[PDB]
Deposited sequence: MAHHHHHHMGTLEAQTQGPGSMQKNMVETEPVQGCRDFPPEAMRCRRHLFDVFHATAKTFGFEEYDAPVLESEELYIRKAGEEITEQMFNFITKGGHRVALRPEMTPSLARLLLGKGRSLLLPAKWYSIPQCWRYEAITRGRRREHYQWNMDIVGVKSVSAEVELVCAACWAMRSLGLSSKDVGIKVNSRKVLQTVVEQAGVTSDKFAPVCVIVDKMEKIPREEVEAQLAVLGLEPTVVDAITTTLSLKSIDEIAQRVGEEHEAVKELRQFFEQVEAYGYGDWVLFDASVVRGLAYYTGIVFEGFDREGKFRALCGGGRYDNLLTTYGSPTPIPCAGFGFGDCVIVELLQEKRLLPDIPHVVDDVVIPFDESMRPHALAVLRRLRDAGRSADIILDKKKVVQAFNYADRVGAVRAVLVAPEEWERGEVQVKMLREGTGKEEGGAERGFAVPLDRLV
């Protein structure tokens, strides 16, 4: 007997599990459509060079990479943002900006699960925080669409610019800022030692620690000034979300930095308000990424990733993932095999009218056919019997007793 289990860390989706995934993905797609985002995709296999960012990121540390027969360094994508950036860079001047692009890629890792789907939403060519506002509202919109409330979840929001200033004021060369963010993200203090290793004195580490523990934007304003970009941008951000009607979903948290090297501005992450789960989604502004890829002009970008695993756990806890049973509109039942041709003509007509319909394919008796119809969630059984067929009719039975119906009146 062959191995029936999937490869280590990967999931099968038989139809029951696929209905759940589809429920989630319908929301991702519908939210993207509601927000005017365009779908794109790119190969799951990318060149390894795309992810060599040299900032000690967990995401690049745990890459599912391998070497092709021809000796080329490739990887199954750990994330989608680099692929997006590749595509944008390849279009160059021909791309109309602003652009709002989304996708739902499977992404990979090697170390637990080795595989997940991640809804990506990114806005390209918008300098102002209106982008982050829209992105955050999109994430909330998807969660609300799944039945969650602002009591259940929220989005923590911060700007990396506050920390940037603190690091710059201490004389720390700007090429250490990304590593500093990767490290400070690990506050989940073994962190104090890593910063020293990166090459920062205790007074600099102290100031970092203090700013991550500031509990309001006003306290940020006190320290760096109300004119500081981070303050103005965060204030605009909250004003706009408030205006859009999702004020209860969002809040300021000075300890949110994210683990990715490339965030330059606002960053955010979704969380359950019971403190039971890891982040539901995560994102930020990344204005220099395209420049590091060789773009001749800077290109503003912001976006988020929203995984398919934590959300499902949360929804299970909140009893928002009831079993969705399979459904089909009609099941056409030949009285016997001599009625199969007529039944096929009936089946054709039902499908032509936009109905989902089965025909009983195997040889079986009517009662068993009826049971089968019930099992597949048929709304209606259509019995094609010789007596009614002579009258230009079939027998119809609703499952959600027994009437004869003219062939033209079935739809």
Deposited positions without coordinates, collected into consecutive stretches in sequence order: 1 to 25, 137 to 141, 219 to 222, 435 to 445
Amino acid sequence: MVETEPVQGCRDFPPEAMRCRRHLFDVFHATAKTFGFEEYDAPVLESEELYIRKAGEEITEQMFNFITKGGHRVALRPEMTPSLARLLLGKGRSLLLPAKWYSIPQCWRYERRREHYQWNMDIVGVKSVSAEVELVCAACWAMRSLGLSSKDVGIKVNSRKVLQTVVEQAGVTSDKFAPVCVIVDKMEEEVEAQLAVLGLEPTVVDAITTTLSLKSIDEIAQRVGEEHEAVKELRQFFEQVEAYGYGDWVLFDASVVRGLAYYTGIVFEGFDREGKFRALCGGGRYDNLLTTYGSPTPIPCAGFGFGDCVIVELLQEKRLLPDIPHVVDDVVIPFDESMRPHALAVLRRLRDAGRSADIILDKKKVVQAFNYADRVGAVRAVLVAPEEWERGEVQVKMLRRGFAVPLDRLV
From here on, numbers count along this sequence of modelled residues.
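Between two forms, the rigid core is defined as the largest C-alpha subset superposing within 1.5 Å.
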After a rigid core fit, does 320 to 328 or 68 to 76 show more C-alpha displacement in 9 other deposited structures of this protein? 68 to 76
If you line up the core and then measure how far each C-alpha sits from this form in 9 other deposited structures of this protein, which stretch comes out higher, 189 to 197 or 205 to 213? 189 to 197
Third-or-more of other entries without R401: yes
Please work out which of 203 to 211 and 302 to 310 has the higher mean CA B-factor as recorded in the PDB entry. 203 to 211
Stretch with the greater mean C-alpha B-factor as recorded in the entry, comparing 378 to 386 against 33 to 41: 378 to 386
Say you rank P325, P78, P105, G265 by Cα B-factor from the PDB entry; which sits at the top? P325
Selection from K186, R109, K161, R144 [criterion: highest C-alpha temperature factor in the record]: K186
Entry-reported C-alpha B-factor of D287 relative to its chain, by third, is lowest
CA B-factor placement of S356, once the chain's modelled residues are sorted into thirds: lowest
Against its chain's modelled residues, does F64's Cα B factor rank lowest, middle or highest third? highest
By its CA B factor, does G9 count among the lowest, middle or highest third of the modelled residues in the chain? middle
Can you tell me whether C137 has a C-alpha B-factor in the lowest, middle or highest third compared with the other modelled residues of the same chain? lowest
